[PDB]
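Step one of this worksheet: look at the structure below.
Each chain carries a letter (A, B, C, D, E and F) given by its place in the written order, and its residues are counted from 1.
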Amino acid sequence: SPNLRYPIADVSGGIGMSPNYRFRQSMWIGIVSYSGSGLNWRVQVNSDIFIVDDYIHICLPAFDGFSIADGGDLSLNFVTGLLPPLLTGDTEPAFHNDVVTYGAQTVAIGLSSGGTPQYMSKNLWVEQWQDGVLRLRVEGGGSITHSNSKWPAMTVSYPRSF
Amino acid sequence: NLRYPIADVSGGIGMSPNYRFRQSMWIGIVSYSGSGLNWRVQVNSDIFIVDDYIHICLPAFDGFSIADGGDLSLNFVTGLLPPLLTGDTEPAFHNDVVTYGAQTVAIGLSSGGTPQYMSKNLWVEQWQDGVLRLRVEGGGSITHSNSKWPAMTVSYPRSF
Amino acid sequence: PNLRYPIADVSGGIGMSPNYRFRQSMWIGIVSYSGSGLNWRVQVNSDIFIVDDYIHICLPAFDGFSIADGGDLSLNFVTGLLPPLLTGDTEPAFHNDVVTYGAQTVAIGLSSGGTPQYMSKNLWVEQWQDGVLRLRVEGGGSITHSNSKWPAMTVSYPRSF
Amino acid sequence: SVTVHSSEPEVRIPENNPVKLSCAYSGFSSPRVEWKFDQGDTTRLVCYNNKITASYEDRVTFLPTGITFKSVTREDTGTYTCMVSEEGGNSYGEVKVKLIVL
Amino acid sequence: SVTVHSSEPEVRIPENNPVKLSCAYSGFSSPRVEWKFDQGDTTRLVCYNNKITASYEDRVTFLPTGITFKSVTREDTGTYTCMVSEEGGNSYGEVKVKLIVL
Amino acid sequence: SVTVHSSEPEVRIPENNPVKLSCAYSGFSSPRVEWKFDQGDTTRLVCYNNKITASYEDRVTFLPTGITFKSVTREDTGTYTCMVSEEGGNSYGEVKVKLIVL
C-alpha cells in the first residue's frame, strides 16, 4: 500500500505489521577483540543475530581467550562478517553512539594458567557503538593471575536504530 | 481490513492489547539430563507474552546430581492454562538449534550439606514438539547429590 | 483522529509512533535495601529507556552496607524522574501483582573494609506499588561483612499502557 | 463467538488403513490449530500452528479440516484433541475425536 | 499546544473540612493525570494514571478536574503538583497548587 | 525491482582536490545508504545509515547522490562500495566506485 509507512505494511490484504519487523534472522562471523591495561588479543567467531521488533540480539557463542585486565573492553567489529542483506549500519543502537551502561549483566569467566579454571563473576554491559564497532565494558569481580580465559555464550541486546 | 497485531482500538486503528501484554501460567515438568543423570521436577511458573517475546518465569527449585554438560527440558505439551496452546511457545526461529539468550546462572551444589555455588552458562538451545530444551554447561563441577536452582526467566522471540 | 497510539501518522502515511519505539530518560532517585533489620539507602543516577512495551532501568554500579541473605531492593520512582516522565509510566503491565519477572544472577562483592569476596545472588522484579519498584535479592550464599559493592544492573519488565 | 466441532467424533478403522480426523472450525481469521494425542496417561503433540510435529511429519498431513494418516496402527488408538485458538487468545475452540483401530 | 492550569492556585481551608484542588486541562485525547504531595523535602504520591493511590484511597477521590478530600488536617499542608502527560509523552502539562489547612 | 548504479564507476583526481563519488539510487522509499572504503586487505566504514562515520566526519559530507570529500590524499585510493538497503531488507542494491588519487 502507498500510504503505509514501515513497520506498518500490507499483510494478506489487510493493514498489518511487517514480518521483517517482527522477526529477522541473520549472522555475524567477525572479530571480537579484548583490550585494557595493555592486554590485547582477538578471536574470530560465529554468532547468530536476531532482530525482534526494535531490538537486536547478538548471540555470541562461548570462546577461549588470553589474559584479561580487571577493567577491559570487548569489541565486536561489525564492519565485516555480517550477512547480506545486513548492513553494519543495521547494528547501530537507537541511542546512536552515546556512551551508556545498557544491558548490564553478570557473566562468569574461567581463568586458568593451563591447568584447572577458576571462575570469576564479572560485570558486562553495552558501553558504546561507534563506526560499526560495538564496545562492551567488562569489569569487576576481582582477579587473579592467569594466561588463559574461557568465555561463556553471551547474548547481547539493545534498542536498534531506525 | 485490519490484520493482527493491528486491530480496532476504541473506534480507531490501534494496537491489539493482547499483542502488547498477555499473561499466563505453566505447571509442568522440567527435566534434567546428561551424562546418564536423569530427574524431573513439577513446577509452577508465570508466563508473559510481550510483543513478539515470550517470557517464562521459572521459580527457584531443588534437584539432584548434574553433569558438567546437560540439558534442561520444559515440557509444554502439558501444563499450559487455557487459552494457551503448546504451539504458542514455539520460537520465531521455529526448531532450529541456537544459543539464544545465553546467560550466567549460579547453582548451589551440596551432598545434603552446605551448598557451594557454581556459576554455569545456560541458554535456549532448541524447541521441538512442544519441548523447550535449554543447554546448561560450564562453570566447573564438584561431587554432589543435590542441586539448588535459582529463579530464572527464559525469553525468546515468539513464533507468529 | 482515526488513529490510536502507538499507531500514528508518519510523514503522511500510517506508521508507528517513534515515541513508542524509542523514548529515553533518566532517574536520579533513591535505591533502598532492607531485610533482616538491615536498612540503608543510596542516591543514584540511572538511564531509562522505553522500547516498545518494555521499560529498562540501567542502574549504575554502587556501594552499600551489610545485606541479609534474603532482602528487598526498592527504587523510589515517586521522585527523580525527568519530565515528561511520570511515576505512573514506571508501572508494569501486570500492574502491582507480585511476580518473579526478569529473574537473573548478579554478583555482589562483600568486604569488611579490606578485600571483597563476590557472591552470586538471585534477583528479580518482585512487585511495583505506589511508584516504588521492589526487587527481591536472595540466595548466593553469604558471610559476615559491613560493606557491599553492587554491579551495574539493568532491570526490565512489560510496561503498563 | 466462534465454532469448533467435529462431524466424526468417533472413528473405527482397521489397522494399516489411512484415516482422517476431521476438525471443522469457523469464526476465525488468524487461527492456529493444534492436535494432541492421548493414550491413557501420556499426552503427545501431533500438530501445532497448522504444522505437523517432527515425530509425526512422516505419516500425518495437516489440513484446515483435520489431520489425516498415511496408515494407522493400534499404537494410535486414543483420544485426539483438536484445539483452535485465534490470535490474541480471545477466541478459543476445542473438540475431541476418539480413534479406535480395529 | 496543550493547556494545563489551575483556577485556585492557592487554597486556604480550616481543618476537618472537605476541599478540592482543581487542575483543569485541555488539549489531550488519551491523558494520564498525576498528583504529588510536597511537604518541604518529603514527596508523596497522591494520584497516578487517573487513579488515587492506596495510602489515600480511603479519603481522596479523583476527577478529571482535580482531586477532592473527604476531610483535611494540618498534616496535608503543602504544595500539591498536578502533572498531565499525553500518550507518548509529546504533550506535557503541569501546575502546582498550594494548600494551607488553617 | 530497485536500481542502484553509478555514473562515474571510476574516478581519477589529483591530490588535495575535492571529489564526489556518485551513487544514484531509485526504487526505494525508506532506504539506508552505506559506504565502505577498501584498500586491499583492510575495510573501513565511511558512511552508514545516510550518516558519515566519526573517523571521516571532519572531511566527507553525505548526500543521497554520493559522498564528497573536502580534499583527498593518496591514502584514500581504493574501491569504495555503496550499498543501499530498503527497510525490511527485501530490496537491496549495490555498486562499487574506484578512486585513484594522484
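Note that contacts are C-beta pairs under 8 Å (C-beta built on N, C-alpha and C of every residue); 3 or more make two chains touch, one makes a residue touch a chain.
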| item | value |
| --- | --- |
| Rotational angle, Cα trace of chain E fitted to chain F, multiple of 5° | 115 |
| Of B-D and A-B, pair with higher C-beta contact tally | A-B |
| Chain centre separation in whole Å, for chain E relative to chain A (CA means) | 45 |
| Computed distance of Cα centres, chain E from chain C, in Å | 27 |
| Distance from chain C to chain A - Cα centre to Cα centre, in angstrom | 22 |
| Residues within chain D bordering two or more other chains | none |
| For chain A, residues that touch 2 or more chains besides their own | 5-6, 8, 15, 53, 105-106, 108, 121 |
| Pairs of chains found to touch, sorted by chain label | A-B, A-C, A-F, B-C, B-D, C-E |
| Parts of chain E lying in touch with chain C, wherever the complex brings them together | 30, 32, 34, 36, 43-45, 48-49, 53-55, 83, 85, 87-90, 92, 94 |
| Residue numbers on chain A that touch chain B, as the complex places them | 8, 11-17, 19, 22-23, 25, 47-48, 50, 52-53, 57, 59-62, 105-108, 110, 116-119, 121, 150, 152-155 |
| Chain C residues touching chain E - in the complex, by the definition given at the top | 4-6, 8, 17, 19-20, 23, 78-79, 83-89, 91, 129-131, 160 |
| Residues of chain B that touch chain A when the two form their complex | 1-6, 13, 51-53, 92-93, 98-104, 118-121, 123, 138-140, 157, 160 |
